[PDB]
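Shown next as structure tokens: one chain only, the form deposited without its partner chain.
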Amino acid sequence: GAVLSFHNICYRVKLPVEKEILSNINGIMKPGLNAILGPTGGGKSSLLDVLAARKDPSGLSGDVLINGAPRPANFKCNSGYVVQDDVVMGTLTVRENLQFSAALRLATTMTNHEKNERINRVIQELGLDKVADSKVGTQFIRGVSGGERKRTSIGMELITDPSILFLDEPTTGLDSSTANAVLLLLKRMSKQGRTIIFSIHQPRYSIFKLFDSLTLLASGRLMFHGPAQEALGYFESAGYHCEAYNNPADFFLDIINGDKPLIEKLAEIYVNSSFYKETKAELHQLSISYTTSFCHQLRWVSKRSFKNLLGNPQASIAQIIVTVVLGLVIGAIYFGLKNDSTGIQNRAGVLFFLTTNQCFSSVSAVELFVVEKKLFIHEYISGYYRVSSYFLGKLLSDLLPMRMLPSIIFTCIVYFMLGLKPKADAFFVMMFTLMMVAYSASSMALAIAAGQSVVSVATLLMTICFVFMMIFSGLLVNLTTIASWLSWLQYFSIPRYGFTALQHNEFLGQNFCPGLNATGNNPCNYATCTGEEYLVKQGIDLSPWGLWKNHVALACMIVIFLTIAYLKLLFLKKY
């Protein structure tokens, strides 16, 4: 089968400040059951990642040679990597997660019936039949414990039918007789050609027999590499005796920890050993395309995020409910506005609140998008889909429906309850304008929080930007008294465009005076008797170009921010 091999592996990590993890490991793997066993945080996951082509190639001083020839281009297609920290999506069922992996990472012509057959096979083999359709962990719903979740994580890669396999701590938290079941499964599979590579913590001596090739790492340096049955012989020759300890693994790990630095002494002793010579001799003897179409990747990512949204209420149902309640409350407060000395303040207040609420709502959904960062990274480097597919899928999942909906709710209730402009064109223009401001706010939210780690800083920055934009809306300050050298910032406010468009189609045919015919017989200034005078004092144009110009400014903002978000994703250091 696959014969991975490496030569002079080294690595460095930037703390301008740099360190070395993994100092100079020289070794060969083989088809069968290979292993990496060493002290925690000594270089176990690091080496596994480096072998899996999952770290930035600005540190692997050295190489990797599959069967001699360099890493084939489909290497990430032909191998599975079981992560160490359970990147399984919490709001789905187990069977749906496995369906997801099977649908994306397998062939196309395979009938769905056979995919389900394989899924049931994995479900039985991993010991998951009871929780097969249960719900994985969530903050609201307590879910299956680590055992079932980790077995889910392992199944997600086991379903891929890989010809190479990688695992990082496959049994951490698995119960003693379920870890044994897992490893007996692995050993049974590792007799058909699959080259298994994994780390492990304190295996049982029964497990220890199953191994073929063993590798000890402690503080980067390679300590031993050879068959597990001769690990004992090596240490026995180098002045140690087995019989005192009964589980070889503990004898090995105690030797490392002292049961003039020792680690270097062990390293320089190994480099003097015959195994090293055999390693060097054979080593010198020896010397992206995705599976399924774009439409399919789009379909399946969109469906998964549909399921996630329906499963998560605090961003989907909570928003709709608070929107309905606010619509009703506002319909009650300002009910039946009067064309009177109060109508101007009332109308400006209503329009400003609708606009600013449409703006500030978008933060919740972008938080739900941000928390997917690590999951997305792991799914990408594992070769699921293209970046563009993930992007458009998330768009059609959340940004399209959950933001198009509240605007319809708000207009359909408020508009006729509050007695705004009574024609139809004004109704639909209000509806469309609210849609536009919602989408633009979402786009800015994405472009700010596309590629960020922590959700609290993203939220803080987003709220700061939105506050700065709404300060320029036009209600809080009369825009014609802002100084000359600061007015230019008025063009950068989404609420400005939205609120301006809303006022322009509302105030246009209005007059707020006791009797319009003979209220001008005493034509005092500072009167605002007609609506248009109020519109002018706020600095707004009157020909339809004012309204449509606001709309096109909003559309341009949408497109620009979406492209910026896509670029921040594409160039992100996806490692």
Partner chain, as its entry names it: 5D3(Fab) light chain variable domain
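If you superpose the two forms and keep the largest set of C-alpha atoms that fall within 1.5 Å, you have the rigid core. Residue numbers count along the first chain shown, from 1.
Quick note: we don't show the form deposited with its partner chain bound, though the next part is all about it.
K.L.:
Please tell me whether any heavy atom belonging to residue 506 falls inside 4.5 Å of a heavy atom of its partner chain, as the geometry stands in the entry with it bound.
P.N.:
Result no; residue 506 lies far from its partner chain in the entry with it bound.
K.L.:
With heavy atoms only and a cut-off of 4.5 Å, decide whether residue 519 touches its partner chain in the entry with it bound.
P.N.:
It does: once its partner chain is placed as it appears in the entry with it bound, residue 519 has a heavy atom within 4.5 Å of it.
K.L.:
Given that the partner is absent here, does residue 537 sit within 4.5 Å of its partner chain in the entry with it bound, heavy atoms only?
P.N.:
Judged by the heavy-atom cut-off of 4.5 Å, residue 537 is in contact with its partner chain in the entry with it bound.
K.L.:
Hey, in the entry with it bound, does residue 63 get a heavy atom within 4.5 angstroms of its partner chain?
P.N.:
No, residue 63 is distant from the partner.
K.L.:
Suppose contact means any heavy atom within 4.5 Å; which members of 531-551 contact its partner chain in the entry with it bound?
P.N.:
Contacting residues: 532, 533, 536, 537, 541, 542, 543.
K.L.:
Superpose on the rigid core, then report which one of 478, 247, 487, 345 has a CA displacement of at least 2 angstroms between this form and the one not shown.
P.N.:
If I go through the list carefully, the shifting residue is 247.
K.L.:
Would residue 157 count as moving between this form and the one not shown, using a Cα shift of 2 angstroms or more after superposing the core as the test?
P.N.:
Not so; residue 157 is displaced by less than 2 Å.
K.L.:
After superposing the rigid core, is the C-alpha displacement of residue 94 2 Å or more between this form and the one not shown?
P.N.:
Residue 94 C-alpha, core-superposed: shift of 2 Å or more.
K.L.:
Answer yes if the Cα of residue 543 shifts by 2 angstroms or more between this form and the one not shown on a rigid-core superposition, and no otherwise.
P.N.:
Moves: no, less than 2 Å.
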